[PDB]
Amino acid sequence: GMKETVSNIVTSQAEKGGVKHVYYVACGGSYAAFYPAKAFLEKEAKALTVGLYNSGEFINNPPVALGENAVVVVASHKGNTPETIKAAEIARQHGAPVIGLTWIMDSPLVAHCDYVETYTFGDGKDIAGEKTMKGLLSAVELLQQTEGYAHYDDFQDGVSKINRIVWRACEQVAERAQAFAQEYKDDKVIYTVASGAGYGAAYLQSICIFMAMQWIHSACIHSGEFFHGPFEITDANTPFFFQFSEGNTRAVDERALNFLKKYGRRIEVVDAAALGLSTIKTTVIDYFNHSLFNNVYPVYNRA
């Protein structure tokens, strides 16, 4: 578990000052899966600090506050990214506790870590156990067991529903994942746009799907930064793969989409209100956008 893991950690570091800092440390889509955790602690924490880090930048540039007073979550997959793993071993050298996420126990990750959780990974897998949700629970537990977290139950309601919603949204989306793939097939360049705690999924959809699995060109525009430069490349030929969030930055998302609809032309909207996410409670819904989009988008990407 992550609860017990945080408990052992709280207890162990208790005598040194306890846990004051959380670092998420991974590569690309592992770096990106941890964006919700970062957004969570930045919004919710009153005393914890957070940092999300690329495992290459982490290994070559560790923060000084990498202590026994910090905790360090790292993900890989196979568990073999001499960078994720340089990281988990520079941490222990610093005596920071270290959670590991991986799919593959045998890996030299799981022999370099102070603990190790797994995650679900596979077709028709349980999402409540996915890499992203173990990132997020690691954050909610760190908060809950240190300062307390006012909406803990809600989060766990949220988490109870993110298999129904996702898989029952994944298949609602040949609705359009046909048309989409037809329309954009030949475009050399496609933008993603996104904000809030779900932003990381957009980022993943550029670097990992389009711009490396489709040899395509893409970038991720912050739906709020978009009005301070990006804005200007809006043609009627420019394709935007738009991620419309549920939660506190849906207003930000909306102002972007108004513009793009009344000035742009070719915008593939993927709307989480539309996919039945408001089943999750407003107090916490922000943190589930990523798990939705990240699990739907492969339907478009396959097509």
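So that there is no doubt, residue numbering starts at 1 and follows the sequence shown.
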query	finding
18 to 26 set against 285 to 293, stretch whose average Cα temperature factor tops the other in the entry	18 to 26
145 to 153 or 83 to 91, whichever carries the higher mean Cα B-factor	83 to 91
Of the residues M213, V193, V159, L137, the one carrying the largest Cα B-factor as recorded	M213
Selection by C-alpha B-factor (highest) of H228, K78, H222, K131	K78
Chain thirds of CA B-factor: placement of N69	highest
Among modelled residues of the same chain, the CA temperature factor third for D114	highest
Position of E171 among the chain's modelled residues by C-alpha B-factor, lowest, middle or highest third	highest
Third of the chain's Cα B-factor distribution that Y199 belongs to, per the entry	lowest
Third of chain Cα B-factors occupied by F58	highest
